[PDB]
Number of protein chains: 2
Amino acid sequence: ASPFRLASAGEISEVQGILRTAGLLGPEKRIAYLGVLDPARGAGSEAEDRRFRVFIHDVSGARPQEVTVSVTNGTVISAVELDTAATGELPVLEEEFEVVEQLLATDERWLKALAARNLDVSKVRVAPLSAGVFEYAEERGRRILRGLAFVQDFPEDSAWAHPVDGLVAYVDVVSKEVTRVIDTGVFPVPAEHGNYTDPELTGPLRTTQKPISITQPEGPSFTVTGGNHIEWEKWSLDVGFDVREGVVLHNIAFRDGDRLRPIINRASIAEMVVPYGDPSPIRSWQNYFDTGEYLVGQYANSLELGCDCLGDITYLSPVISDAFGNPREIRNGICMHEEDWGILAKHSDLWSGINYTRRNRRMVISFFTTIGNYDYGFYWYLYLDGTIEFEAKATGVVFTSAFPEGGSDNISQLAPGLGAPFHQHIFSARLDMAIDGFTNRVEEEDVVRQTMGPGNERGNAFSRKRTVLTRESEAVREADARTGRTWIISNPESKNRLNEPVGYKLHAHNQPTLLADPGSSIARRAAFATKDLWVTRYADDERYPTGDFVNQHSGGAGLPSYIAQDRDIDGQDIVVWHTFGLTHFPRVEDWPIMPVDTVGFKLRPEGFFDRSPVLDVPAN
Amino acid sequence: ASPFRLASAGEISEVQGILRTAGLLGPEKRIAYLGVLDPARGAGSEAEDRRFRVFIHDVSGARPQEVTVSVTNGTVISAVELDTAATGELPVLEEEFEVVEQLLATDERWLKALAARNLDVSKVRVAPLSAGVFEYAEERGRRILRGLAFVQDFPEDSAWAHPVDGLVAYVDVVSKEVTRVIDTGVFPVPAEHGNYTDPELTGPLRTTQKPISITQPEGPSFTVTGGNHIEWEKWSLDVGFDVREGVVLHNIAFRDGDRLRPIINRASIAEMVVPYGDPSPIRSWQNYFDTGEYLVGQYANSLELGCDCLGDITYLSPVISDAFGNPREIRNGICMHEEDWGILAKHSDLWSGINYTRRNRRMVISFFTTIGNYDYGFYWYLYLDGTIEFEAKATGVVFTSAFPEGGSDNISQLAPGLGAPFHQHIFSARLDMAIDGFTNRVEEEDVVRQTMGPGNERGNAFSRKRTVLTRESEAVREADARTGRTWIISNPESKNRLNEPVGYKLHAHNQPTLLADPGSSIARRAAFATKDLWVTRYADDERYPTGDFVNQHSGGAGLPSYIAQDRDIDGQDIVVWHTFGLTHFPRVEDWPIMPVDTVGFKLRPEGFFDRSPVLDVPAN
Ligand SMILES: [Cu+2]
Ligand SMILES: [Cu+2]
């Protein structure tokens, strides 16, 4: 049916069959990534050709391959062998995570380190984390994971409360070798537990909370069609799901009268980096590229009706591939519902005697994922007035360390002896713009203050200025909250009734961007995170701000390489990459479990409509 | 029994009785402002002396007075006569607004202007606006209003769609004389109607919106006692209502185990200025001090159940005084309710096998007011985790003008020939801090980036710095979104278990502040609006950032004057004044009626608690 439909179990199995038939998926092969490709640029194009891209790992150590297959035609479109030391390692496999603790349990250097701290190896959990790229020449071309230890006293114990500082081990997950065990010194292992489910900690539970019942007597106002096609209050879109990116929104459009007007072709969080700012050798290499290295969609939670998603919910259970190419369903991994959103518009007019009040509501599409200690919710919102918004919700358990005796400039104390290294959670939203079609441009709009004098004798005048970003070389922009800087994406060939190019304005939160020194490994690997806004000329192979292979990959790919092409973006098929994140100095209130913190951005119509698009909203 | 209870109708009548009896409420006397006084600083107030402050205007031009009466004793504590040319005029009375149109209607110059435009005087509505202080020496000591004309074709017609540009009149509302009629030239009066209730404009109403019902089977979780005392999820506070400020929150405190710990002594929006940035002489004087000149509580709307406030609502119907001292109730002028706020905390732990999810909730206390064309919702939120938030929602009908032939650098076009002068809506939240009591201090916290090198060889380290504001002369701060600047209010004498002063962190939205030239009258009169954060030593007579008598004051009153005292604020009874607002370049989408736009700020506990305060929240 629709070329934007979710991948089905059958398609996944068929991709497996095709790879096998091609001799690309024997018993030592593992699917490190599998996702359906979006239809090529066409108004429908030459019939349906569902293509899937696959990253194939080889557990024997042979070179991996990147393969595109047409599940429709039963063919391999292309299959290229990868030189990982050059272009990057494939995403980490789940099975490789499990390897780390096991191998370390029998390494004598590790056992010696644990013995030095009087810790029973059977109780030492190991957080197997991405390695990144540092000064270890022996790691080039190899698949490494760095392990950090946490003591788990009993089964239901939260090990995060017990970091074993001063110790870190590097592990080759293919050759199954412990390459290095670093011990900088013994640190007391924080003893207080952080068992938020333990009555000893929680105390008696509140009996003061009365029920809040959110019901929809006649069912929701949106319709789901073709499995993932949503239609709600003039909006139209397809809810896609990729194992790397998670929920992806396709063909976001608004029915203005009789015409379905496109706004955003594709919206996704293309990368998510969580850099740590503790200069201790034990953690100074810690940088989670949750999307790029771990693949957030792979870890999407099954949402429970009641507490995860309240109200009348319609779920999607996306299917992904397991490491062997078999389809695996994430039951209720996506929540879809509409929620009341207060007042939309209100005016009590003295002169006419008319009092008008209308309520707002928003369509919500979300999913939650778990990356070890942290859990992140991705929420996309569509409002009646045409506003589009994304909201990331960060919760879970903060990553701990020991709190240094003489305090720390890069770690905060959460409990006695317990520290929490400073870090950030930075996202990159990739917005493949289609403001009334593909001919778009971006203007940076700043408020302009004026000097009191001729023509402004009372010094009350203030203006605004817009600068068209014409070439990619001049499209890497930074925020300026002080001048109320925003970016407008317009279609220079599509004017509203007032003869102005229709547009949408992007409102950023203006949070700090990547803090790391510009010469650091992380600044180069997460170069996108150093600037608030990037605009590129669309290209089918420019998908992530960090490139296709982030795992242990240096700089050289991603946005910085794309921008160098210096392509024309003035009234062309363009892509907006917005960097936005949280800078965290963990508080005691964040321990034992972090209350949700949020960050996001939104786009509001800017002369897109000919007047307010909510005049037809009923009293209700 | 509570000295924070809302004024009763009877108490208003009592003030009236007292005033007339003392011969202070004669036939020519008018009450321009009346409000109960907050209890003074007194640890154990046993003798309750309920006092009211009243601003008495004299329609005969005789000097007005500031009078303080004790409703308890039935006496006049004070009665001071005011030299308005020195200390500003009193707030405008509704009757004075009314007289403007009437007066102009018989003025030759006005009728001449209307005749030239072929406008029927009976159809011309006049927006009677505050005058400010400009170059008209003859206005000093006089009560002036400036009127702008709008054509109302019929009774249920929206006059805002038809501004009459090139025309403005100045009226002395006491002598009832038209002091000036300025006609800079004819401008076509915009012809299209903006009648958002007209099916011709709305088209057929949506039938797609299914109902979303929010109910509470067992009623609300908050208790209202003593008429306005709220207890909800460990929070404790008193909801007051003043005619100038509107909803005012008193004694915000959180029950941490045994102790009821104070956080904010008093929270209010102490001023809200809407300055216009159109240099045209027709509007270059336009600056609404909604709170100070118009009194926002006076115009509070009677909210409708199911319309303005959905769910299980508990209303307060505050009473205010009219111009003659008679009590007038604003039925259902305040909404109180708790609403679901999604996920509070969530973590699915692999190691313990424990999947934990908790819902968030916020207590909402709000009111809506109408200032002519615009309508503003003021919302205060209290969250389960101890977060306090304020949100202002701006709606209504934008103030119009003609859109100049050839465009404009200071006005945007909404409809054919219809203009919308650029302007801002800037608020001042006055937060009389009481973090664990009154001994407080404020620190400005900036993110600190570090250079790669010794101690930071991987260039990943990032820190933060805090600067204590010790004196008022260094307590006028600006935003720095770039460095993630925030301001922490702590009690240096109250420490948490980790031996650090308890605190709360104010997170500003970092919107632009007042854009007007620094030498402008509006910069001088609304100086508070030029900076994001101010900290002053508490003083009972320092209530408004703009001073007590804002109307036609020359400038420098309020904040800049208080700050000039240069008092000690390092560990003293202090008050935080946060400036925040929306910079508006009206869009076509804001016409004919503006969809809600928002601004706010919030404060989060910062080492205030010893661990998460929401560990006892039940699973539901
Ligand atoms: Cu964090
Ligand atoms: Cu506005």
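Residue indices run from 1 on each chain, following the sequence as it is written; they may not match the entry's numbering, and residues absent from the coordinates are omitted. Throughout, the order in which chains and ligands are written sets their labels, letters from A for the former and numbers from 1 for the latter. Excluding hydrogens and water, the side-chain figures rest on all heavy atoms present in the structure. Residues with missing side-chain atoms are left out of burial classes, side-chain pairs and their counts.

- If you check the header, you'll see the entry was determined by X-ray crystallography and the resolution is listed as 1.8 Å.

- For chain A, the PDB entry supplies the name amine oxidase and the organism Arthrobacter globiformis.
- The record lists the entry's title as "Crystal structure of copper amine oxidase from Arthrobacter globiformis: Late intermediate in topaquinone biogenesis".
- UniProt positions are given in the numbering used here, feature names are shortened, and annotations may be inferred rather than shown by experiment. According to the UniProt record, the Subunit comment for chain A is "Homodimer."
- If you open the UniProt record of chain A and go to Sequence similarities, you find "Belongs to the copper/topaquinone oxidase family."

**Thoughts on the relation of the copies chain B and chain A**
Turning to step 1, where the next piece is worked out: Note on the identical chains: chain B maps onto chain A by a rotation of 180° and an axial translation of 0.0 Å, with an RMSD of 0.4 Å. The symmetry that links the two subunits is that of a two-fold axis. Residue B:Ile214, judged by its C-alpha, is the member of chain B lying nearest the rotation axis, at 2.3 Å.
Turning to step 2, where the next piece is worked out: By the convention used here, residues are in contact when the closest approach between their heavy atoms is within 4.5 Å. Of the interface residues in chain B, 96% have counterparts in chain A that sit at the interface too, so the contact is made through matching surfaces. Superposition of the copies is carried out by least squares, using only their C-alpha atoms.

**Thoughts on the interface of chain B and chain A**
Turning to step 1, where the next piece is worked out: Opposite the 156 residues of chain B that make contact, chain A presents 154 residues.
Turning to step 2, where the next piece is worked out: The nonpolar class holds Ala, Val, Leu, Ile, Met, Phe, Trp, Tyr, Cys and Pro. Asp, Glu, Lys and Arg form the charged class, and all remaining residues, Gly among them, are polar. Looking at the side of chain B that touches chain A residue by residue, the class counts come to 70 nonpolar, 45 polar and 41 charged.
Turning to step 3, where the next piece is worked out: With three bridges connecting them, strand β9 (residues 213-215) of chain A and strand β9 (residues 213-215) of chain B associate as antiparallel partners. Residue pairing in the sheet places A:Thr215 in a bridge with B:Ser213 of β9(B). Two strands make a pair as long as DSSP finds a minimum of two bridges between them. Only DSSP runs of H or I reaching four residues or more are called helices, and only runs of E reaching two or more are called strands; each is numbered from the N terminus.

**Some details on the UniProt feature "active site" in chain A**
Residues and elements named next belong to chain A.
Turning to step 1, where the next piece is worked out: Those residues carrying the UniProt feature "active site" are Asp-290 and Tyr-374 in this numbering. Judged by maximum C-alpha separation, these annotated positions cover 85 residues in sequence but sit close together in space, the widest gap being only 10.2 Å.
Turning to step 2, where the next piece is worked out: The class of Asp-290 is buried, set by a relative accessible area of 1%.
Turning to step 3, where the next piece is worked out: Contacts of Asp-290, omitting those with residues within four sequence positions, involve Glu-271, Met-272, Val-274, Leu-295, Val-296, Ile-371 and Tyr-376.
Turning to step 4, where the next piece is worked out: If you trace the backbone, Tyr-374 turns up in strand β21 (residues 374-383). Buried, partly exposed and exposed residues are distinguished by accessible area as a fraction of the type maximum, computed with a 1.4 Å probe on protein chains only: under 20%, between the cut-offs, and over 50%, respectively.

**Thoughts on the coordination of the copper ion (ligand 2)**
Residue and element names in this part refer to chain B.
Turning to step 1, where the next piece is worked out: Because no water is among the atoms considered, metal sites can look incomplete, with donors defined as N, O and S atoms within 2.8 Å of the metal, or 3.2 Å for Na, K and Ca. Protein ligation of the copper ion (ligand 2) involves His-423 (NE2), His-425 (NE2) and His-584 (ND1), the donor distances falling in the range 1.9 to 2.1 Å.
Turning to step 2, where the next piece is worked out: Summarised as a motif, the one-chain spacing of the donors to the copper ion (ligand 2) is H-x1-H-x158-H. Across the pair, exposure class does not vary: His-423 and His-425 are buried alike.

**Observations concerning the pairing of strand β33 (residues 574-584) of chain A**
All names here are of chain A.
Turning to step 1, where the next piece is worked out: Summarising burial for β33: eleven of the eleven residues are buried, a large majority.
Turning to step 2, where the next piece is worked out: The two faces of β33 match: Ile-574, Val-576, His-578, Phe-580, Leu-582 and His-584 on one face and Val-575, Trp-577, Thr-579, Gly-581 and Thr-583 on the other face are all buried.
Turning to step 3, where the next piece is worked out: Here strand β26 (residues 423-433) runs beside β33; their pairing, made up of ten bridges, is antiparallel. Within β33, the position partnered with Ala-429 by the bridge is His-578.
Turning to step 4, where the next piece is worked out: Pairing geometry for strand β32 (residues 533-537) and β33, over five bridges, is antiparallel. When the sheet's bridge partners are listed, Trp-534 is paired in β33 with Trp-577.

**Comments concerning the coordination of the copper ion (ligand 1)**
When a metal carries six donors in an octahedron, the ideal angles between them are 90 or 180 degrees, while four donors in a tetrahedron ideally lie at 109.5 degrees.
All names here are of chain A.
Turning to step 1, where the next piece is worked out: Distances from the copper ion (ligand 1) to its protein donors, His-423 (NE2), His-425 (NE2) and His-584 (ND1), fall at 2.0 to 2.1 Å.
Turning to step 2, where the next piece is worked out: All donor residues of the copper ion (ligand 1) come from one chain, and their arrangement in sequence is H-x1-H-x158-H. With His-423 in strand β26 and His-584 in strand β33, the pair connects residues that are 161 residues apart, well separated along the chain.
Turning to step 3, where the next piece is worked out: Judged by relative accessible area, which is 3%, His-423 ranks as buried.

**Details of the environment of A:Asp375**
Turning to step 1, where the next piece is worked out: Among the structural elements, A:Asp375 can be located in strand β21.
Turning to step 2, where the next piece is worked out: A:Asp375 sits 75 residues away from A:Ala300 along the chain, and the two C-alpha atoms are 9.4 Å apart.
Turning to step 3, where the next piece is worked out: Not counting residues up to four positions away in its chain, the partners in contact with A:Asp375 are A:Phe368, A:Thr369, A:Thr370, A:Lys393, A:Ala394, A:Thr395, A:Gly396, B:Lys346, B:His347 and B:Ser348.
Turning to step 4, where the next piece is worked out: Polar contact criterion, stated in full: a pair of N or O atoms within 3.5 Å, where within protein one must be able to donate a hydrogen and the other to accept it, and residues adjacent in sequence count only if both atoms are side-chain atoms. Engagement of the side chain of A:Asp375 in a polar contact is seen with the side chain of A:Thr370, the distance being 2.9 Å.
Turning to step 5, where the next piece is worked out: Looking at A:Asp375, its side chain comes within polar contact range of the side chain of B:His347, at 2.7 Å.

**With respect to the pattern of salt bridges**
Turning to step 1, where the next piece is worked out: What counts as a salt bridge is simple: a side-chain nitrogen of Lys or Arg found within 4 Å of a carboxyl oxygen of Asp or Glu. Counted according to the given criterion, the structure contains 110 salt bridges over all chains.
Turning to step 2, where the next piece is worked out: The partner of A:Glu177 in a salt bridge is A:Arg142, with the nearest N and O atoms 2.9 Å apart. Of the two residues, A:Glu177 sits in strand β8 (residues 177-183) while A:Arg142 sits in the loop between β5 (124-130) and β6 (144-151), which places them 35 residues apart along the sequence.
Turning to step 3, where the next piece is worked out: Residue A:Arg142 is classed as partly exposed on the basis of its relative accessible area of 29%.
Turning to step 4, where the next piece is worked out: We note a salt bridge from B:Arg266 to B:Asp38, for which the minimum N-O separation is 2.8 Å. One end of the pair, B:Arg266, is in strand β14 (residues 259-275); the other, B:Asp38, is in the loop between β1 (29-36) and β2 (51-58), with 228 residues separating them in the sequence.
Turning to step 5, where the next piece is worked out: The exposure class of B:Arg266 is buried, given its relative accessible area of 12%.
Turning to step 6, where the next piece is worked out: Residue classification places B:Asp38 among the partly exposed residues on the basis of a relative accessible area of 37%.

**Brief notes about helix α1 (residues 9-21) of chain B**
All names here are of chain B.
Turning to step 1, where the next piece is worked out: A rise of 1.5 Å per residue sets the reference length of α1, with its 13 residues, at 18 Å; its end C-alpha atoms lie 18 Å apart and thus fit the reference within 8%.
Turning to step 2, where the next piece is worked out: Within α1 the residues assigned to the buried category are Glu-11, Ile-12, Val-15, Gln-16, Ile-18 and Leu-19. The arc that holds the buried residues of α1, viewed along the axis, is 165°, so those residues lie on one side.
Turning to step 3, where the next piece is worked out: Where α1 is buried, its residues touch β1, β2, β3 (65-70), β4 (75-81), β17 (319-321) and β18 (327-329).
Turning to step 4, where the next piece is worked out: Within two residues after α1, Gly-23 carries a phi angle of roughly 70°, on the positive side. How far a helix is expected to stretch is found by multiplying one less than its residue total by 1.5 Å. Along the arc lie the directions from the helix axis toward the C-beta atoms.

**Here we look at the UniProt feature "binding site: Cu cation" in chain A**
Turning to step 1, where the next piece is worked out: Under the local residue numbering, the UniProt record ascribes the feature "binding site: Cu cation" to A:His423, A:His425 and A:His584. Across 162 residues of sequence, these annotated residues stay compact in space, with a maximum C-alpha separation of 7.8 Å.
Turning to step 2, where the next piece is worked out: Along the polypeptide, A:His425 turns up in strand β26.
Turning to step 3, where the next piece is worked out: Discounting chain neighbours no more than four positions away, the residues touching A:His425 are A:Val273, A:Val274, A:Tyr376, A:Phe580, A:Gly581, A:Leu582 and A:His584.
Turning to step 4, where the next piece is worked out: In this structure A:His584 comes out as buried when scored by relative accessible area, which is 10%.
Turning to step 5, where the next piece is worked out: Look past the residues within four positions of A:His584 in its chain and what remains in contact with it is A:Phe422, A:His423, A:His425, A:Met594, A:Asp597 and B:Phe462.

**Observations concerning the state of the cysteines**
Residues and elements named next belong to chain A.
Turning to step 1, where the next piece is worked out: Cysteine sulfur pairs qualify as disulfides if the two atoms are within 2.5 Å. Following the criterion strictly, the structure yields two disulfides over all chains and no others.
Turning to step 2, where the next piece is worked out: For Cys-309, the disulfide goes to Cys-335, at an S-S distance of 2.3 Å. Between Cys-309 and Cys-335 the sulfur-sulfur dihedral comes to about 110°; the bridge is accordingly right-handed. In this pair, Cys-309 is assigned in the loop between α6 (290-294) and β16 (314-316) and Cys-335 in strand β19 (residues 334-348), connecting sequence segments 26 residues apart.
Turning to step 3, where the next piece is worked out: Take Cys-335: its relative accessible area is 0%, and that puts it in the buried class.
Turning to step 4, where the next piece is worked out: You can see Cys-307 has no disulfide; the closest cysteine sulfur is in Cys-309, sitting 8.4 Å from it.

**What about the nonpolar core?**
Turning to step 1, where the next piece is worked out: Definition used in this section: a nonpolar core is a set of buried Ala, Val, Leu, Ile, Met, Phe, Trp, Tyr and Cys residues joined via side-chain atoms within 4.5 Å. Ranked by internal contacts, the top residues of the largest apolar core, which has 284 residues, are A:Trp110, A:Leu431, B:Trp110, B:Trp380 and B:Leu431.
Turning to step 2, where the next piece is worked out: With eight residues, the top contributor of residues to this core is strand β14 (residues 259-275) of chain A.
Turning to step 3, where the next piece is worked out: Filtering out sequence-adjacent residues up to four positions away, A:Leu431 remains in contact with A:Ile264, A:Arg266, A:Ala267, A:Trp380, A:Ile574, A:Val575, A:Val576, A:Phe601 and A:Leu603.
Turning to step 4, where the next piece is worked out: One finds B:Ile426, B:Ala529, B:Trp534 and B:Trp577 within the second-largest nonpolar core, a separate group that totals 18 residues.

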